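A single chain comes next, written as structure tokens; it is the form deposited in one PDB entry.
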């Protein structure tokens, strides 16, 4: 659920999910059209493709449990869903960190309008 995801993001990046990621570029915060603006934006994209491959699950709402082992995110075992969701979230979060040095305020609150067309995931 967004609760775990949003928390994941602050642990990895140091930024609050809200302002910093709720409306970044074309895919951050949700949306789904356009050509990803940058690296951070490419991760929201990939994260969206990840959620899209869990038809049997409720990604944005099911609570899953995860722990940090020696500074690394580890998805605890739960249902098939809670596990796959958690991995999607971990991948996005970690990515976010990896590209912090390219994070551009220039893309926060980006006009969803400017994004046109649907990329084949």
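Numbering follows the first chain given and starts at 1. If you superpose the two forms and keep the largest set of C-alpha atoms that fall within 1.5 Å, you have the rigid core.
Enquirer: Hey, after superposing on the core, which one moves around more in 8 other deposited structures of this protein, 43-51 or 25-33, CA-wise?
Expert: Of 43-51 and 25-33, the stretch deviating more in 8 other deposited structures of this protein is 25-33.
Enquirer: Between 78-86 and 55-63, which one shows the bigger average Cα displacement from this form in 8 other deposited structures of this protein once the rigid core is aligned?
Expert: More C-alpha displacement in 8 other deposited structures of this protein shows up in 55-63.
Enquirer: Taking the mean of the C-alpha B-factors per stretch from the entry, tell me the winner out of 5-13 and 98-106.
Expert: Per the deposited B-factors, the answer is 98-106.
Enquirer: Averaging CA B factors per stretch from the PDB record, which one is higher: 81-89 or 24-32?
Expert: Comparing 81-89 with 24-32, the higher mean C-alpha B-factor belongs to 24-32.
Enquirer: Between 44, 75, 69, 39, which carries the biggest CA temperature factor in the record?
Expert: Max CA B-factor in the entry, restricted to 44, 75, 69, 39: 69.
Omitted here: the form deposited with a small molecule bound. The next part is about that form.
Enquirer: Can residue 71 be called a contact residue for the small molecule in the entry with it bound at 4.5 Å between heavy atoms?
Expert: Close contact is absent here: in the entry with it bound, residue 71 is far from the small molecule, nothing within 4.5 Å, heavy atoms only.
Enquirer: So, residue 38 and the small molecule: in the entry with it bound, are they within 4.5 Å at any heavy atom pair?
Expert: Output for residue 38 is no: heavy atoms all beyond 4.5 Å of the small molecule.
Enquirer: Is there any non-hydrogen atom of residue 48 lying within 4.5 Å of the small molecule in the entry with it bound?
Expert: Yes.
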